[PDB]
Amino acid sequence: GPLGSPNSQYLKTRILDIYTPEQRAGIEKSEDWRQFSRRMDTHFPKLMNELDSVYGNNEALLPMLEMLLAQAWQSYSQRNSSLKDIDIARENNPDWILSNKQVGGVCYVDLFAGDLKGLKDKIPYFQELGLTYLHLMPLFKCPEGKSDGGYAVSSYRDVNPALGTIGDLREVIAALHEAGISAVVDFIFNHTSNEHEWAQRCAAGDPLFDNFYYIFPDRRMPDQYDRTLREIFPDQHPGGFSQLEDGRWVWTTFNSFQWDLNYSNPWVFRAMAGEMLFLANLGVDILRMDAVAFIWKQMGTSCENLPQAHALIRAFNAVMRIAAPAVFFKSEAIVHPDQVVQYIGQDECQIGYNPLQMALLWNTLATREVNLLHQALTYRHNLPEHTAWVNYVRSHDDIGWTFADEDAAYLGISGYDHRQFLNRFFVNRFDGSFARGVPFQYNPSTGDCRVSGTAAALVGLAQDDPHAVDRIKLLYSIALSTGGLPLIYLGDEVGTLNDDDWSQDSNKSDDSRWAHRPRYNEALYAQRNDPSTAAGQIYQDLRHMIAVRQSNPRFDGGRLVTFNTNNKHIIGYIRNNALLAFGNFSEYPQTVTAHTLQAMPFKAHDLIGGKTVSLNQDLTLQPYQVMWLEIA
């Protein structure tokens, strides 16, 4: 703007006004201030541009921003020197996320290890597995009873006391860092629980919390909005709103006890940015940006993926570039693939879940046909510089069939009919199916349904299907080798089956996702080194692929080129022009012809099986065989 308007230099002089002139002189000369000052200059114009694009000439914008930047300085000043070293290192190495060295795991602290002290005791296991990244499921205070598995947050600062204290969390994070492991946690920034102090105060009409949520007097606007809102948990409530005891209606995209925060209020942004800086200074390395798609609402639209949602995330990003450069964002957007990828950017979310690949791994097991998977790896895999996918096989959530109908239509596939088939297959309602999953949120108004169940349940391990172990290794091979940071759902690496206690526990019984949230299975973990057990076969074969990925630089980076196998059952792709991966999605042997392989060297070492493979004749793969062939 013109002479007189706000800019980094203006804002910095006002930050320093809290100091006596004597104190100020010292602050300005300090190392912390020089670093803060240079990052302000570099990144503040982005923060201002993004916020201006959202809030425009809102009276509260300048006061809120000065408040937030004063907080950003106090936060960076307090930030521990070991974390400032990580800041400098990541500032100098934006592609750390793209290294083949990275392998992630995720677990619930309570289910996997009891409590935070118990989790700290599991760290030698994480090292034995090879993890360099560990996502811990929501850790903070939440409603007793039903809390959407911790996702209805009653406090961003107080640890759930069943898990331990903030001090225990601090020690865990430092212990993870000592072991070479990044700490990853959720930033549940779209909504709080209805017991959160802000929600109570907002609903009670406390002016300090005016417009922190979206509360309406009656159904007039909810009915209007509901004309275009998708139902995420239709078993819980219709549309996007829930009714308070006093008769008013509040926006609740998810459960009725999760109230969507009102980002059209710039004081909400500032509030959440303060919570973000608190997590940063715990030493968190990556924040999982929960429900990114939903943070802006607009009548007559889906209220998903709106331009302002992307702008607010880029504003949050610039706050981290200024006050905690180590802290990266992981986008969790389970939406149309055209929209998934728009969250991924060095200035937005540097990494994002890849639900397209994950959904299509499962699809290809069901159909035995790699067509959709091949299409996605050909046209939707490669990303902008300085960004990466998080490739995964399962998560704490159901599987949604989030492939693009337009893509499927190019292949002669009707998306609607195909999902009906996938849904039947994976819940064991299709002749011959190996899968033992359970439905989640069947919606009779749309035909939509998703699938619950662990990786091992969905491949046939519960019934001892002789192909189950090999199916698990095949799916993980692809997440481990396509390019991106792979994420193991801990428990999968020993073949953990569903919890069949869940259906009868009245705090869980309306949420079939609890089927694939079992506790740590001591008996299976105890078999992990025994090659005659399914646990041992799964664990040693995953561990072997992790060792290869992490040691072999032909896996480095996020880029791939697909290779046409000329066999509809076999997927093929090349990393770094040097590693040729084939995966057979058929339960029968399948061949890649000598003719298809003419451009390849006569012989190549297979890193999976350890044998030299001849490529100048027909290559027959065993049912569900993976080969990782060194061609350069």
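Numbering starts at 1 and runs along the sequence shown.
Here the stretch with the larger average CA B-factor, out of 122-130 and 358-366, is 122-130. Higher average CA B factor: 5-13, of the stretches 606-614 and 5-13. In the PDB entry, the Cα temperature factor peaks, among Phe555, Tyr343, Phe209, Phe112, at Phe209. By the numbers in the PDB entry, the CA B factor is greatest at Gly180 among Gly104, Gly180, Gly239, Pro337. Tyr410: CA B factor in the highest third of modelled residues in this chain (values from the PDB entry). Among the modelled residues of its chain, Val626 has a C-alpha B-factor that falls in the lowest third according to the deposited record. Split the chain's modelled residues into thirds by C-alpha temperature factor. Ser512 is in the middle one. Among all modelled residues in this chain, the alpha-carbon of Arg380 has a temperature factor (C-alpha) in the lowest third. For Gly400, the recorded CA B-factor ranks within the middle third of the chain. Only modelled residues enter the ranking.
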